[PDB]
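Below is one structure; the comments refer to it alone.
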Amino acid sequence: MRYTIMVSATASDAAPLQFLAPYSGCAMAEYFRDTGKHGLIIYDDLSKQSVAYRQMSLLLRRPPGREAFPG
Amino acid sequence: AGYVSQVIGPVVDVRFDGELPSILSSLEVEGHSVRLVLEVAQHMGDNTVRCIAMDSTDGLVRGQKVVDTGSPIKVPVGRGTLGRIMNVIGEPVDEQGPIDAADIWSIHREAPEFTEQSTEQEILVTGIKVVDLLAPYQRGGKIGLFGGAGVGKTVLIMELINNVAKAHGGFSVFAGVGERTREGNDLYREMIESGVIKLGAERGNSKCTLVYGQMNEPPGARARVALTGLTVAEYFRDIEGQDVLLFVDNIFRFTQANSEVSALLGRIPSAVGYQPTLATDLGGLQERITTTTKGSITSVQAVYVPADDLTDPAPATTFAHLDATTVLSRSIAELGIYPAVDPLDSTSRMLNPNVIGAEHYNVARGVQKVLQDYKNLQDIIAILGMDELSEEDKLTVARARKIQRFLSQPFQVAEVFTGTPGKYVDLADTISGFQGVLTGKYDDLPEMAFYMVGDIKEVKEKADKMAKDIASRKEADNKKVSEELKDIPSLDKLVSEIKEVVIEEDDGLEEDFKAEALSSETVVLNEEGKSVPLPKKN
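So the protein sequences, as listed, match chains V and Z.
Going by the entry's author numbering, the first sequence runs without a break in its numbering and finishes at 352.
Going by the entry's author numbering, the second sequence runs without a break in its numbering and finishes at 574.
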């Protein structure tokens with residue numbers, strides 16, 4: 282933990298908050314990339330992010346594509 | 037003159053109180069962190085057009101001013117774009133200044149009309165032996181490239197760029213449609229070292245324009261970046277009058293991006309899930325790649341087959357346009373054969389004797405027969421034995437193995453890191469060189485004499501040198517020198533070899549750091565627009 286950040290958008294969190302957590306974890310990890318150091322980002326279940334984003338899009342009545350996912 | 041009405045993801049509706057822009061016109065959003073270009077997709081009614089954005093729409097406000105450019109996306113074309121990297125809307129992303137535009141052309145264009153078409157059908161000579169014999173390239177054709185990683189696809193791309201520029205005098209455009217930026221940077225830097233892209237004052241001696249739409253670009257930007265590659269190649273065809281190569285890197289990602297912009301525009305998806313306009317989204321692009329009376333565009337476009345399913349509608353619609361396939365294989369690549377064109381899997385529509393002639397046709401038809409009969413007996417050799425079968429079946433094995441070697445060729449763009457010079461092999465020298473191996477004028481020569489050579493005048497000059505080599509191995513001798521204390525130290529003497537590595541307990545983690553104080557109060561904007569704390573009760 283002296284080298285690790287943990288961004289945690291768990292199951293009870295809102296689907297907007299699980300959609301934005303890989304992006305907000307990446308921005309925290311992009312700090313080390315942009316200042317010359319090296320980063321290791323792990324998006325554990327990126328397939329669970331896309332399910333959270335499909336939830337927001339079908340509820341915003343955006344037109345669904347394959348497996349009801351957005352364009 | 038128009039203002040932003042709706043922002044739904046990458047799809048912007050803007051509203052014009054005057055005259056509407058035409059469909060496919062380009063709109064620029066006034067006042068935004070990046071230059072945002074919208075392309076008009078439809079006229080919705082009630083003075084609204086629906087647009088697909090070429091960049092991110094985050095930070096876009098309803099009522100933002102939107103200027104109609106009066107035209108589609110206009111990109112710089114000409115010789116000044118050679119050796120430059122350009123994005124979909126024509127901006128330089130290679131960080132080398134502005135693009136010297138000979139003209140600025142609309143990227144939307146009808147295909148050349150029926151009278152402008154060439155009724156003739158002829159070979160684009162490539163200087164690659166396995167491509168000019170077994171799967172010839174039609175001038176003005178579309179060629180599917182079934183490569184991958186490590187089969188030498190990029191050095192085959194740069195060799196097509198090299199030989200078409202050197203022999204036929206035509207330039208190349210590389211349209212990278214939805215490419216990874218790590219791989220698009222790899223192609224840029226390998227084109228710089230191999231000489232097909234030059235930087236600086238000798239920029240004009242470059243042979244290839246790179247038109248890049250990366251994966252992180254929105255689906256509208258990737259769907260139009262192959263038409264930006266068309267438009268650069270159409271200037272060389274119609275104004276310069278050249279035989280242009282166009283590389284649409286992954287034509288499947290063109291399909292995939294156009295399928296996303298139909299899904300975002302609310303269109304009902306077709307069979308398996310592509311856009312309803314799949315055959316006219318492809319056919320609009322593929323029909324501008326043709327031969328006119330001025331010059332030609334030949335397209336070598338990489339084909340991905342989804343789920344290894346050739347009957348999927350994205351390859352099946354693509355293969356209706358394709359005039360040749362070049363399949364690059366790993367099995368051919370691990371035999372040291374470069375280029376790794378599979379001599380049996382690679383097909384051409386140009387390979388029939390009414391268009392290449394019967395003396396070319398029977399050579400390629402005979403060469404493929406020899407290689408086919410050799411590779412269906414490879415569960416006869418390993419099961420039974422090599423010297424088991426007949427002498428004629430061994431005559432094919434000796435003839436096929438020095439044909440399978442002779443399809444190799446050293447490349448002129450690869451010589452800066454391989455040492456072996458490049459060999460442009462002419463068409464008549466390819467046919468006449470393979471007549472002889474087919475009949476048996478070279479059955480006495482070794483198989484590795486037929487390896488990485490130009491033509492049959494160089495197979496004799498390789499068997500001469502290797503055969504003599506046995507005359508020049510009695511020059512010196514070969515045994516052991518000073519078993520393991522010649523210059524092999526002790527292991528504890530090698531621990532004191534090791535150089536100083538300074539390890540800091542400090543991380544150096546506050547180099548140039550702002551360290552803003554963030555307060556956990558909720559800050560909102562009141563009705564003046566003034567930043568204020570959030571009011572207390574609902």
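Backbone N, C-alpha and C fix where the C-beta goes; we use that ideal spot for every residue, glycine too.
Spatial neighbours of residue i in its chain, beta-carbon cut-off 8 Å, leaving aside the 5 residues before and after
| i | result |
| --- | --- |
| residue 153/Z | 326, 327 and 328 |
| residue 562/Z | 568 |
| residue 74/Z | 48, 50, 62, 63, 64, 65, 87, 88, 89, 90 and 102 |
| residue 457/Z | 446, 448 and 451 |
| residue 304/V | none |
| residue 553/Z | none |
Euclidean distance between Cα positions of residue i and residue j
| i | j | result |
| --- | --- | --- |
| residue 416/Z | residue 287/Z | 40 Å |
| residue 343/Z | residue 351/Z | 11 Å |
| residue 48/Z | residue 103/Z | 14 Å |
| residue 387/Z | residue 254/Z | 40 Å |
| residue 173/Z | residue 196/Z | 11 Å |
| residue 531/Z | residue 525/Z | 10 Å |
| residue 291/V | residue 297/V | 11 Å |
| residue 79/Z | residue 96/Z | 21 Å |
| residue 465/Z | residue 204/Z | 17 Å |
| residue 236/Z | residue 410/Z | 51 Å |
| residue 320/Z | residue 291/Z | 12 Å |
| residue 134/Z | residue 108/Z | 21 Å |
| residue 238/Z | residue 498/Z | 37 Å |
| residue 486/Z | residue 495/Z | 6 Å |
| residue 99/Z | residue 368/Z | 59 Å |
| residue 516/Z | residue 523/Z | 14 Å |
| residue 438/Z | residue 454/Z | 22 Å |
| residue 351/V | residue 312/V | 30 Å |
| residue 308/V | residue 286/V | 11 Å |
Residue i and residue j closer than 8 Å at C-beta
| i | j | result |
| --- | --- | --- |
| residue 380/Z | residue 407/Z | yes |
| residue 4/Z | residue 124/Z | Examination of residue 4/Z is not possible in this model, given that chain Z is present from 37 through 574 alone. |
| residue 116/Z | residue 138/Z | yes |
| residue 257/Z | residue 91/Z | yes |
| residue 463/Z | residue 168/Z | yes |
| residue 111/Z | residue 140/Z | yes |
| residue 299/Z | residue 320/V | no |
| residue 354/Z | residue 339/Z | yes |
| residue 248/Z | residue 270/Z | no |
| residue 375/Z | residue 184/Z | no |
| residue 280/Z | residue 289/Z | no |
| residue 233/Z | residue 119/Z | yes |
| residue 364/Z | residue 182/Z | yes |
| residue 393/Z | residue 278/Z | no |
| residue 93/Z | residue 45/Z | yes |
| residue 333/Z | residue 180/Z | no |
Cutoff 7 Å; reference residue i; Cβ partners in own chain excluding five residues on either side
| i | result |
| --- | --- |
| residue 306/Z | 312 and 314 |
| residue 178/Z | 322, 325, 335, 337, 357, 358 and 359 |
| residue 166/Z | 375, 377, 379 and 443 |
| residue 191/Z | 447, 449 and 450 |
| residue 527/Z | none |
| residue 53/Z | 83 |
Cut-off 6 Å between Cβ atoms - residues of its own chain near residue i, not counting five sequence neighbours on either side
| i | result |
| --- | --- |
| residue 210/Z | 244, 246 and 283 |
| residue 469/Z | 491 and 492 |
| residue 129/Z | 121 and 123 |
| residue 67/Z | none |
Reference residue i, options the options, closest by Cα
| i | options | result |
| --- | --- | --- |
| residue 72/Z | 186/Z, 289/Z, 399/Z and 40/Z | 40/Z |
| residue 373/Z | 74/Z, 519/Z, 164/Z and 66/Z | 164/Z |
| residue 218/Z | 203/Z, 235/Z, 188/Z and 252/Z | 252/Z |
| residue 332/V | 314/V, 289/V, 309/V and 349/V | 349/V |
| residue 460/Z | 224/Z, 162/Z, 38/Z and 223/Z | 162/Z |
| residue 572/Z | 564/Z, 558/Z and 435/Z | 558/Z |
| residue 213/Z | 240/Z, 42/Z and 259/Z | 259/Z |
| residue 59/Z | 93/Z, 519/Z, 157/Z and 144/Z | 144/Z |
| residue 146/Z | 159/Z, 186/Z, 157/Z and 266/Z | 266/Z |
| residue 301/V | 342/V, 343/V and 336/V | 336/V |
| residue 414/Z | 501/Z, 84/Z, 389/Z and 436/Z | 436/Z |
| residue 193/Z | 202/Z, 223/Z and 318/Z | 223/Z |
| residue 276/Z | 228/Z, 208/Z, 142/Z and 382/Z | 208/Z |
Name the residues in the segment 516-544 of chain Z whose C-beta lies less than 7 Å from a C-beta of chain V; which are they?
none
Pull out every residue of the segment 285-305 of chain Z whose Cβ sits closer than 9 Å to any Cβ of chain V, in chain order.
295, 296, 297, 298, 299, 300, 301, 302, 303, 304 and 305
Compile a chain-ordered list of the residues in the segment 326-358 of chain Z whose CB is closer than 8 Å to at least one CB of chain V.
none
Chain V contacts from the segment 308-327 of chain Z (Cβ-Cβ distance under 7 Å):
309
Give, in chain order, every residue of the segment 249-273 of chain Z whose Cβ lies closer than 7 Å to some Cβ of chain V.
255
Taking beta-carbon pairs under 9 Å, can you tell me which members of the segment 93-108 of chain Z lie near chain V?
none
Could you please tell me which residues of the segment 334-347 of chain V, in chain order, have their CB closer than 9 Å to any CB of chain Z?
338, 341, 343, 344, 345, 346 and 347
According to a CB-to-CB cut-off of less than 9 Å, which residues of the segment 545-573 of chain Z neighbour chain V?
545, 547, 548 and 549
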